[PDB]
Amino acid sequence: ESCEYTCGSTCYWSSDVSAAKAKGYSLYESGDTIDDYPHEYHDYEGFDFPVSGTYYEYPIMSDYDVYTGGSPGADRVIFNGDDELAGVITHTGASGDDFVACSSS
Ligand SMILES: Nc1nc2c(ncn2[C@@H]2O[C@H](CO)[C@@H](OP(=O)(O)O)[C@H]2O)c(=O)[nH]1
């Protein structure tokens, strides 16, 4: 139960990531949003994503619960229209409204 990704000091397990991607994807697929998520992620930052876009972001929570509205915190899981995982990113340690990648491999 390793940290698939680490966001700043927050440790996310593989199971945390798949639940956040699954939640954001069920909405995406249903053409719905909750407080504006998921939404297109532009990849203004220039990240590597092992998969192809269009990319969508969904909040991944610090507390391990799936996002269902409210404050999104700083972490985001990134996925595409095929329900493929692209990665986990964070606002933590990023300047203003930029994002930095969460450590992994
Ligand atoms: N930094 C960054 N922001 C984006 C991108 N695409 C959309 N955004 C938007 O600008 C703000 C992201 O910094 C995002 O709110 P967020 O905090 O929900 O991501 C979002 O609405 C992108 O590729 N990079």
Side-chain angles (χ1 to χ4, degrees):
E1 27 39 88
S2 72
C3 290
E4 191 158 56
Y5 287 96
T6 313
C7 284
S9 67
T10 326
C11 177
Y12 299 111
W13 283 359
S14 295
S15 64
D16 299 324
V17 179
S18 313
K21 165 169 84 63
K23 183 66 168 41
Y25 188 83
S26 60
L27 277 174
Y28 158 84
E29 200 224 307
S30 60
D32 297 344
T33 66
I34 310 163
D35 295 334
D36 230 65
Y37 287 94
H39 71 76
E40 289 204 3
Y41 168 74
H42 208 63
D43 198 22
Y44 136 68
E45 284 72 18
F47 313 117
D48 117 77
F49 311 134
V51 304
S52 88
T54 180
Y55 305 118
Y56 303 93
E57 46 170 283
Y58 196 70
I60 172 154
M61 319 311 277
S62 238
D63 87 349
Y64 313 124
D65 266 34
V66 139
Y67 173 91
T68 317
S71 164
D75 326 317
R76 306 283 176 284
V77 59
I78 314 304
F79 63 97
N80 65 26
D82 297 295
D83 198 12
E84 317 172 301
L85 173 72
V88 186
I89 70 178
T90 191
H91 280 307
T92 300
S95 302
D97 217 55
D98 253 70
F99 293 102
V100 297
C102 281
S103 22
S104 91
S105 45

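We number each residue from 1, following the sequence as shown. Just so you know, ligand 1 is whichever comes first in the structure, and atom 1 is the first atom listed for that ligand.
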Chemist: May I have the N/O to N/O pairs between ligand 1 and the protein that fall below 3.5 Å, each with atom names and distance to one decimal?
Modeler:
unit_1: ligand 1; atom_1: 1 (N); unit_2: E45; atom_2: OE1; d: 3.4
unit_1: ligand 1; atom_1: 1 (N); unit_2: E45; atom_2: OE2; d: 2.7
unit_1: ligand 1; atom_1: 1 (N); unit_2: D97; atom_2: O; d: 3.2
unit_1: ligand 1; atom_1: 6 (N); unit_2: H42; atom_2: N; d: 3.0
unit_1: ligand 1; atom_1: 13 (O); unit_2: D97; atom_2: O; d: 2.6
unit_1: ligand 1; atom_1: 13 (O); unit_2: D97; atom_2: OD2; d: 2.7
unit_1: ligand 1; atom_1: 17 (O); unit_2: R76; atom_2: NH2; d: 3.0
unit_1: ligand 1; atom_1: 17 (O); unit_2: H91; atom_2: NE2; d: 2.7
unit_1: ligand 1; atom_1: 18 (O); unit_2: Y37; atom_2: OH; d: 2.6
unit_1: ligand 1; atom_1: 18 (O); unit_2: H39; atom_2: NE2; d: 3.4
unit_1: ligand 1; atom_1: 18 (O); unit_2: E57; atom_2: OE1; d: 3.2
unit_1: ligand 1; atom_1: 18 (O); unit_2: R76; atom_2: NH2; d: 3.4
unit_1: ligand 1; atom_1: 19 (O); unit_2: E57; atom_2: OE1; d: 2.8
unit_1: ligand 1; atom_1: 19 (O); unit_2: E57; atom_2: OE2; d: 3.1
unit_1: ligand 1; atom_1: 21 (O); unit_2: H39; atom_2: NE2; d: 3.4
unit_1: ligand 1; atom_1: 23 (O); unit_2: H42; atom_2: N; d: 3.2
unit_1: ligand 1; atom_1: 23 (O); unit_2: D43; atom_2: N; d: 2.7
unit_1: ligand 1; atom_1: 23 (O); unit_2: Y44; atom_2: N; d: 3.0
unit_1: ligand 1; atom_1: 24 (N); unit_2: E45; atom_2: OE1; d: 2.7

Chemist: Strictly distance-based, threshold 3.5 Å: is any side-chain N or O of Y12 a donor or acceptor partner for the main-chain N or O of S62?
Modeler: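 Yes, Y12 side chain to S62 backbone: donor-acceptor pair under 3.5 Å.
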
Chemist: Measure the spacing between NZ of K21 and CD1 of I78 and express it to the nearest 0.5 Å.
Modeler: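 One finds 13.0 Å between NZ of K21 and CD1 of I78.
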
Chemist: What closest approach, in Å, do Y64 and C11 show between heavy atoms, and which atom pair accounts for it?
Modeler: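 Of all heavy-atom pairs spanning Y64 and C11, the closest is OH-O, 2.7 Å.
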
Chemist: For the backbone of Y67 and the side chain of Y58, can you confirm whether one donor and one acceptor N or O come within less than 3.5 Å of each other?
Modeler: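 At least one qualifying donor-acceptor pair exists.
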
Chemist: Indicate yes or no for a side-chain donor-acceptor contact from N80 to the backbone of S52 under 3.5 Å, with no hydrogens or angles considered.
Modeler: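 Side chain of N80 to backbone of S52: a pair is present.
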
Chemist: Taking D16 for its side chain and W13 for its backbone only, find out whether a donor-acceptor pair lies under 3.5 Å.
Modeler: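 Checking the backbone N and O of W13 against the side chain of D16, a donor-acceptor pair under 3.5 Å is found.
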
